[PDB]
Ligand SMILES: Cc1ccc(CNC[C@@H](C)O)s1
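A lone chain, given as structure tokens: the form deposited without the named molecule.
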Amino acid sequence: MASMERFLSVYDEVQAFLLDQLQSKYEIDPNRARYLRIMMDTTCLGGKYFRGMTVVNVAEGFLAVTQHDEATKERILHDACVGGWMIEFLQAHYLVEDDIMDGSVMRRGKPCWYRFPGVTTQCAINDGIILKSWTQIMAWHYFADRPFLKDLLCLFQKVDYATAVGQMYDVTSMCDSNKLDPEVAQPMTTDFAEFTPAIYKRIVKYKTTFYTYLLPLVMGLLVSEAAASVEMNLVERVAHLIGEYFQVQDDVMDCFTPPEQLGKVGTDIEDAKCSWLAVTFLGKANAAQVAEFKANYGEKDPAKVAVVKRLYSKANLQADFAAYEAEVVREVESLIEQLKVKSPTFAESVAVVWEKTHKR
């Protein structure tokens, strides 16, 4: 059975389990089940399933080198699919809530969930809660007796919390830290002192890298009972590095990729986001450029957003990006090599994770 068809089939299985349980145990009526079914589909499906399929790919790597009964290979692959769905649903939680937080319009060429006519924010906040609750219901049902259950739950928990901390870093990235105060409405930074590579790295490490790269790799290790084939400090290091590169790419696309192919009108500039473009631009700009950036960034006025795009175009940020890309290629190659000392197989899965990221 091909990996993706397996993964998509387990989606159906898991959906039926969750909805059946709501009927048999939570007194749900068919109409509200249908609402939840549709919500699950609309929020969990239609992506590339990069995160969930990474769990499956890591598990298949180990299966190719490890002795097991056929029934055991099937159980491992079924666990890797369930685990991959837990990550997809965790992502779905964060996208639903983030889209509401940010007042986003579209995602992936379709309206954000909360904008659907029969949803609204009042329902969608809670729908997003349920999405994450489902990840736990999946875990406790399908992995009840599994030896990795504790480690899996503890890992998921930490990754979720890292993610929420990252969200906080992201939403507060255009404030001056010394001005944060629940009692006082927050002004936009005027000095941009906090738009540094290190501050940037912190936002991205927490907001994206733990759930997008660390969790799918480590979950693949856990459902394979293979966390001893690796040095976990190396898996963290490579996860954080690849994940940073992924976000840098997303940041550049927000600005320069056409909306119909982006899936989204990009608003990082209007939103005054600490993007890789802003940070890199400030890291090379002269006094005049810095002042022009300050007078135009974080404003909805299209003339001003086009002044910022003009500044980024003239500043030859392609050069800084090629240089960044080259260094990331060095370091990820170095880490893959360190990963071979303990597991060729696992190192190869990380290679494939890297190729899928670097090429897209």
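Numbers for residues come from their place in the sequence shown, where the first is 1.
In this entry, 136 to 144 has the higher mean Cα B-factor, the comparison being between 85 to 93 and 136 to 144. Of the two stretches examined, 152 to 160 and 221 to 229, the record assigns the greater average C-alpha temperature factor to 221 to 229. If you compare the C-alpha temperature factors of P182, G103, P258, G128 in the entry, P258 comes out highest.
The entry lists C-alpha B-factors for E60, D320, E70, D41, and the highest of these is at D320. Sort the modelled residues of the chain by CA B factor and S177 lands in the middle third.
Split the chain's modelled residues into thirds by C-alpha temperature factor. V328 is in the middle one. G47 sits in the middle third of its chain by CA B factor, as recorded in the PDB entry. Split the chain's modelled residues into thirds by C-alpha temperature factor. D191 is in the middle one.
The deposited CA B-factor of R202 belongs to the middle third of values across its chain.
Just so it is clear, the following notes concern the form deposited with the named molecule bound, a form of the same protein that is not shown.
Site status: open, since the named molecule, placed by superposing the C-alphas around its site in the entry with it bound, has no atom within 2.4 Å of backbone or C-beta atoms. In the entry with it bound, the named molecule lies farther than 4.5 Å from every heavy atom of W134.
In the entry with it bound, the named molecule lies farther than 4.5 Å from every heavy atom of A139.
In the entry with it bound, the named molecule sits within 4.5 Å of a heavy atom of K264. Proximity of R107 to the named molecule in the entry with it bound falls within the 4.5 Å heavy atom cutoff. Looking at 89 to 110, the residues that come within 4.5 Å of the named molecule in the entry with it bound, counting any heavy atom, are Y94, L95, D98, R107.
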